[PDB]
There are 2 protein chains.
Amino acid sequence: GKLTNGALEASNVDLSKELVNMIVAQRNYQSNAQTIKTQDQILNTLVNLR
Amino acid sequence: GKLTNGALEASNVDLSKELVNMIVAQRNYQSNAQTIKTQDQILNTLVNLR
């Protein structure tokens, strides 16, 4: 491509696009963390069974 | 061209052509500036959504 004497390039980031992905990723992290509790409790019941 | 003597060139600027360009340029400026307000008031929603 061609150059342009006196210009810069912007930084490619849409802020309104990035501020909604964090809302999805935080709930993703929380729903993943909510599986360790289920696993831990089904282990603890098998330990305190006998 | 011809070298006419005893006479000078004028400015070629038509005043009634320039006094109505200001009206449409000021309306264009105001319509461009009202886009910053609606871009800001939709980012003010997403920064308070959480």
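- The record names cryo-EM as the way this model was obtained, at a resolution of 2.86 Å.

- The PDB entry lists chain A under the name Flagellar hook protein FlgE, with Salmonella typhimurium given as the organism.
- Its PDB record names the entry "Salmonella hook in curved state - 66 subunit models".

### Here we look at the overall build of chain A
Turning to step 1, where the next piece is worked out: Summing up its helical and strand segments, chain A has one helix and zero strands in all.
Turning to step 2, where the next piece is worked out: Against the 2.2 N^0.38 benchmark of 10 Å for 50 residues, chain A shows a C-alpha radius of gyration of 24 Å, more extended than a compact globule.
Turning to step 3, where the next piece is worked out: Along the three orthogonal principal directions, the C-alpha set of chain A runs to about 80 × 20 × 15 Å.
Turning to step 4, where the next piece is worked out: Counting all 50 residues of chain A, 2% fall into the buried class.
Turning to step 5, where the next piece is worked out: For chain A, the distance from the average position of its 5 positive side-chain charges to the average position of its 4 negative side-chain charges is 11 Å.

### Some points on a nonpolar patch on the surface
All names here are of chain B.
Turning to step 1, where the next piece is worked out: Nonpolar side chains collect at one region of the surface, where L15, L19, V20 and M22 lie side by side and expose about 440 Å² of accessible area between them.
Turning to step 2, where the next piece is worked out: Within the fold, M22 resides in helix 2 (residues 21–49).
Turning to step 3, where the next piece is worked out: The exposure class assigned to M22 is exposed, which follows from its relative accessible area of 57%.

### Some details on the interface of chain A and chain B
Turning to step 1, where the next piece is worked out: Counting from both sides, the interface comprises seven residues of chain A and, opposite them, five residues of chain B.
Turning to step 2, where the next piece is worked out: Of the roughly 520 Å² buried where chain A meets chain B, counting both sides, 77% is carbon and sulfur surface.
Turning to step 3, where the next piece is worked out: It is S16, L19 and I23 of chain A in chain A that bury the most area against chain B; as a group they hold 61% of the surface buried on that side.
Turning to step 4, where the next piece is worked out: The interface formed by chain A and chain B holds zero salt bridges in total.
Turning to step 5, where the next piece is worked out: Joining chain A to chain B, the criterion identifies zero residue pairs in polar contact.

### Concerning unusual backbone geometry
Note on backbone geometry: most residues besides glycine have negative phi, and most peptide bonds are trans.
Turning to step 1, where the next piece is worked out: Although it is not a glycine, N12 of chain A adopts a positive phi angle of roughly 70°.
Turning to step 2, where the next piece is worked out: Along the chain, the position of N12 of chain A falls in the segment before helix 1 (15–49).

### A short note on the packing of helix 1 of chain A against helix 2 of chain B
Turning to step 1, where the next piece is worked out: Here helix 1 of chain A crosses helix 2 of chain B at 20°, and the two axes come no closer than 10 Å. The angle between the axes of helix 1 of chain A and helix 2 of chain B places the two elements in the roughly parallel class. As helix 1 of chain A packs across helix 2 of chain B, the resulting crossing turns out to be left-handed. Residue-level inspection shows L15, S16, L19, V20 and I23 of chain A of helix 1 of chain A in contact with helix 2 of chain B, the latter providing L43, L46, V47 and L49 of chain B.
Turning to step 2, where the next piece is worked out: Grouping the constituent residues of the contact of helix 1 of chain A with helix 2 of chain B by class yields eight nonpolar, one polar and no charged.

Basis of the calculations
- Residues numbered from 1 in each chain as written, not as in the entry; some residues may be left out.
- Chains lettered and ligands numbered in written order.
- Part of a larger assembly, values for the part shown.
- Heavy atoms only, no water.
- Helix = DSSP H or I, 4+ residues; strand = E, 2+ residues; numbered from the N terminus.
- Rg over C-alpha atoms; globule rule 2.2 N^0.38 Å.
- Buried < 20%, exposed > 50% of the residue type's maximum accessible area, 1.4 Å probe, protein only.
- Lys, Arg positive; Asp, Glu negative; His and termini not counted.
- Charge placed at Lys NZ, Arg CZ, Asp CG, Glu CD.
- Patch = residues over 30% accessible without salt bridge, like charges linked within 9 Å, V, L, I, M, F, W, Y side chains within 5 Å.
- Areas by Shrake-Rupley, 256 points an atom, 1.4 Å probe, with all protein chains shown as cover.
- Salt bridge = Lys/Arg side-chain N within 4 Å of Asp/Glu carboxyl O.
- Contact = heavy atoms within 4.5 Å.
- Buried area = accessible area lost by both parts, 1.4 Å probe.
- Polar contact = N/O pair within 3.5 Å; in protein donor to acceptor, adjacent residues only side chain to side chain.
- Axes fitted to C-alpha atoms, helices over the stretch in contact; angles between N-to-C directions.
- Parallel < 35°, antiparallel > 145°, perpendicular 65-115°, else oblique.
- Left-handed = near helix turned anticlockwise from the far one by under 90°.
- Nonpolar A, V, L, I, M, F, W, Y, C, P; charged D, E, K, R; others polar.

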